[PDB]
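Side-chain atoms are counted along with the backbone in the values below, which use heavy atoms only and exclude waters and symmetry mates. This chain uses plain numbering: 1 for the first residue, then up along the sequence. Both counts, for ligands and for their atoms, begin at 1 and track the order of listing.
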Amino acid sequence: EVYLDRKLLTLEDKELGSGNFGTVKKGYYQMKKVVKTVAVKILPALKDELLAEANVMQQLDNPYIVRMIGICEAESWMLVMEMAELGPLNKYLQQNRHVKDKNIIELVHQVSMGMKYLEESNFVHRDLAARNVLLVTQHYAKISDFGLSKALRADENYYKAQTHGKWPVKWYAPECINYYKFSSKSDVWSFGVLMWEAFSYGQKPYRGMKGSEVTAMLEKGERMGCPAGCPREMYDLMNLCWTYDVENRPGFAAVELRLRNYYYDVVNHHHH
Ligand SMILES: Cn1cc(-c2nc(N[C@@H]3CCCC[C@@H]3N)c(F)c3c2C(=O)NC3)cn1
């Protein structure tokens, strides 16, 4: 079905990324006729996690989401995906500080379109950060890294985690921390942090702070300040994403429309 032939896969030595799972490496898959450049995640608990990740990716079909090519069991279990040559958004902006506001708005808007689709599909990402937005080009972003993602049950709007795993706490909404509940609204909170990272050219959020100090800050009603040069309209949107009460926080339909309209305003202004 989605099981690839190891003979048709050529892996490169140099690592693109790494973690607890293992590594991400560049490869080439011999297709129908052409050769396709690919990104390959290489590795008991990890196997099931990789299969689950593959199973989520298989179900998604959207221009702003990384597509899975297939899986392969060879020297290790491998998850073969589309290649995004310019790599993680945070690293790209760290290395390309000349990138313009309009360009950043374009890219975060593309993420909002991907997340709108994910929300409509009733999946929660649970790791939406600038490190997991990949650039195909300078004007084309895709959402990646679905290893923590969950398909929501038909009768529930949230996923309830059993235990506090190794979590990216600085991206998580209050209800994730306090109740272990993850919804599309919690992904919206994470998207606010992602926006902050993007306009801060890949700077880490809540710098110098422990997780428990971020909790205290958030409970005082405090939020990260506006990044230098970030348009006021985009900071307003970040703060709306950081609405404490999950019910009053906007969904991605509302977020995507705000971004779309502001982007077209900036596109008009730059013609003027
Ligand atoms: C040029 N380049 C491409 C990637 C890439 N990285 C992925 N995961 C990394 C895990 C470590 C943290 C940074 C990423 N989140 C990933 F899932 C995919 C890629 C890719 O091109 N397609 C899928 C990295 N560099």
Side-chain angles (χ1 to χ4, degrees), residues 2 4 9-29 31 34-40 42-43 46-47 49-72 76-96 99 107-108 110-111 114-115 117-118 123-150 165-172 187 190-191 193-195 197-198 200-205:
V2 291
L4 306 178
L9 181 62
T10 298
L11 297 168
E12 216 146 41
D13 193 15
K14 190 76 179 75
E15 294 165 33
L16 300 172
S18 69
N20 296 117
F21 64 93
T23 62
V24 178
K25 294 190 178 185
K26 182 167 162 174
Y28 310 85
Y29 197 74
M31 293 288 175
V34 302
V35 168
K36 192 176 180 66
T37 311
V38 293
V40 185
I42 310 169
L43 299 188
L46 282 69
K47 184 218 184 185
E49 283 160 21
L50 194 72
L51 265 47
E53 181 175 359
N55 194 247
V56 171
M57 289 186 72
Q58 184 170 37
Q59 298 172 258
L60 307 173
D61 177 24
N62 188 264
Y64 308 109
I65 293 176
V66 172
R67 301 176 193 281
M68 186 189 77
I69 306 304
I71 54 175
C72 184
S76 187
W77 273 100
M78 295 173 285
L79 172 54
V80 182
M81 301 164 283
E82 290 179 319
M83 176 60 167
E85 293 284 1
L86 308 203
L89 176 65
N90 66 325
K91 301 297 179 182
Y92 188 83
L93 297 172
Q94 286 168 17
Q95 292 144 228
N96 296 275
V99 172
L107 296 169
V108 300
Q110 289 168 351
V111 174
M115 293 307 305
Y117 167 82
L118 215 59
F123 286 83
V124 296
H125 193 279
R126 305 181 59 235
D127 204 0
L128 181 59
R131 66 177 172 280
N132 299 331
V133 179
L134 305 171
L135 294 179
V136 176
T137 76
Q138 198 180 321
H139 303 284
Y140 188 12
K142 284 174 165 275
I143 301 157
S144 188
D145 301 272
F146 287 87
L148 293 175
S149 304
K150 303 291 168 173
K166 294 156 183 285
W167 286 353
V169 167
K170 291 178 175 174
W171 286 262
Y172 277 6
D187 285 339
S190 305
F191 180 76
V193 181
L194 180 163
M195 280 181 73
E197 293 179 274
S200 309
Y201 294 83
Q203 192 189 131
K204 302 148 179 262

Would you confirm whether [X], through its side chain, and [Y], through its main-chain N or O, come within 3.5 Å as a donor-acceptor pair?
X      : Y      : answer
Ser200 : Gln203 : no
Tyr117 : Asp61  : yes
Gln94  : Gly202 : yes
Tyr29  : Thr10  : no

Within a distance under 4.0 Å of any heavy atom of [X], pick out the atoms of ligand 1 and give their elements.
X      : answer
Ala84  : 1 (C), 2 (N), 3 (C), 20 (C), 21 (O)
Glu85  : 1 (C)
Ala39  : 19 (C), 20 (C), 21 (O), 22 (N), 23 (C)
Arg131 : 13 (C), 14 (C), 15 (N)
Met83  : 1 (C), 21 (O)
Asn132 : 15 (N)
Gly87  : 1 (C), 2 (N), 25 (N)

Exercise. Is there side-chain contact between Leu4 and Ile69, with at least one heavy-atom pair below 4.5 Å?
Worked result: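 Yes. Closest side-chain heavy atoms under 4.5 Å.
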Exercise. Is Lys204 paired with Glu197 through a side-chain N to carboxylate O contact shorter than 4.0 Å?
Worked result: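 Between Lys204 and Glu197 there is no salt bridge, as every charged N stays at least 4.0 Å from the carboxylate O atoms.
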For this session: Decide side-chain contact (heavy atoms from CB on, under 4.5 Å) for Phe146 and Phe123; before the verdict, give the C-alpha distance in whole Å, the side-chain angles of both, and the deciding distance to 0.1 Å.
Result: CA-CA 10 Å; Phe146 287 87; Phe123 286 83; over 6 Å; no
For this session: Indicate, as side chain, backbone, both or neither, the part of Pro88 found under 4.0 angstrom from ligand 1 when only non-hydrogen atoms are considered.
Result: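 The side chain, only.
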Exercise. At a non-hydrogen distance cut-off of under 4.0 Å, which region of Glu82 contacts ligand 1 (side chain, backbone, both, or neither)?
Worked result: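 For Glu82, the contact with ligand 1 is made by the backbone alone.
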For this session: State whether the number of non-hydrogen atoms from other residues, nucleotides or ligands found under 6.0 Å of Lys36 atom NZ is greater than 12.
Result: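 No, because the 6.0 Å sphere around NZ of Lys36 holds 12 heavy atoms or fewer from other groups.
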Problem set entry | Residue selection (non-hydrogen contact nearest atom 7 (C) of ligand 1) among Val40, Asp145, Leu89, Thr23 |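 When every heavy atom of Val40, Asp145, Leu89, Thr23 is considered, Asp145 comes closest to atom 7 (C) of ligand 1.
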Exercise. Of the listed options (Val38, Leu134, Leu16), which comes nearest to atom 6 (N) of ligand 1 when hydrogens are ignored and any heavy atom counts?
Worked result: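 The nearest heavy atom belongs to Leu134.
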For this session: Is it possible for you to check whether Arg131 lies under 6.0 Å from the centre of the six-membered ring of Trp171, through NZ or CZ, and within 45° of that ring's axis?
Result: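 Here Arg131 passes the 6.0 Å and 45° test against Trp171.
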Exercise. Is there at least one pair of N or O atoms, one from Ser18 and one from ligand 1, spaced under 3.5 Å apart?
Worked result: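 There is no such contact.
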Exercise. Measuring from the heavy atoms of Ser144, does anything fall under 4.0 Å of ligand 1?
Worked result: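 True for this residue.
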